[PDB]
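**Student:** sequence, then the experimental structure. Questions to follow.
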Amino acid sequence: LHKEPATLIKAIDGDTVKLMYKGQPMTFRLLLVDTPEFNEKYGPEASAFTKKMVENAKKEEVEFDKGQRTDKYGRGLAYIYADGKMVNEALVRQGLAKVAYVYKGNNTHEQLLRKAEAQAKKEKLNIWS
Ligand SMILES: Cc1cn([C@H]2C[C@H](OP(=O)(O)O)[C@@H](COP(=O)(O)O)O2)c(=O)[nH]c1=O
Ligand SMILES: [Ca+2]
C-alpha cells in the first residue's frame, strides 16, 4: 500500500473525516474500525481524539487498501495518517474504537489493529473499562 496526500477540511466524528483528496472534497470512513456514535458512551471522546489528531497534524495522508475505495454512501475507505501515525490504529490502541467491518481484500492492517485492540483491552482502556 501507498500513502497519498490529502488536506483536512473538517473533523466529523470518531471514524469519519472530510479531507480534500486529489483536489476534491470527500468524506472518508476509517477502514477496520468502529467508534461509538457521538450520542453513545465514549462517542464524544472518540470524536475529540480523531479531531485533535488530524487538526494537529502538519501532514495528512490517505492510504487505500487493495479493494473497494468508496462505500455504498460514497465515503472513501482508507487508513488515515497524521504526521505518519495511523489514526485508525491509534483509536483502537486507546480503546476508543473496536476493530470491525473487516471485509475480505480490504484488510491489510487487520492484524496490526487487532494487536492494538488486545493491548487496549489488557489495559482496560475506555470502552474496555
Ligand atoms: C468501515 C466500512 C463501513 N461500511 C458500511 C457498512 C455499514 O452499512 P450500514 O450503514 O448499512 O450499517 C456502514 C457502517 O458505517 P458507520 O459505522 O459509519 O455507520 O458502512 C462498508 O461498506 N465498508 C467499510 O469498510
Ligand atoms: Ca461509527
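**Tutor:** The structure has been received and is ready for your questions. Residues are numbered from 1 along each chain as shown. Ligands and ions are numbered 1, 2, ... in the order given.
**Student:** the helix or strand that contains residue 77 near ligand 1 anywhere?
**Tutor:** If you go by DSSP states H and E, residue 77 is part of strand 76-82. Yes. Contact of strand 76-82 with ligand 1 (Cβ under 6 Å from any ligand atom) involves residue 77. (Each C-beta comes from the backbone N, C-alpha and C, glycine too.)
**Student:** quick check: next helix or strand after that strand?
**Tutor:** In N-to-C order, the element after strand 76-82 by DSSP H and E is strand 85-86.
**Student:** ok, the top strand by length along the chain: who's next to it in the sheet?
**Tutor:** Secondary structure of the chain per DSSP state E: the longest strand is strand 3-13. Within its sheet, strand 3-13 is paired with strand 16-21 (antiparallel), strand 60-64 (antiparallel), according to DSSP bridges.
**Student:** assumed residue 74 was part of a strand.
**Tutor:** No. Assigned with DSSP: H, G, I helix; E, B strand; the rest coil, residue 74 falls outside any strand and is coil.
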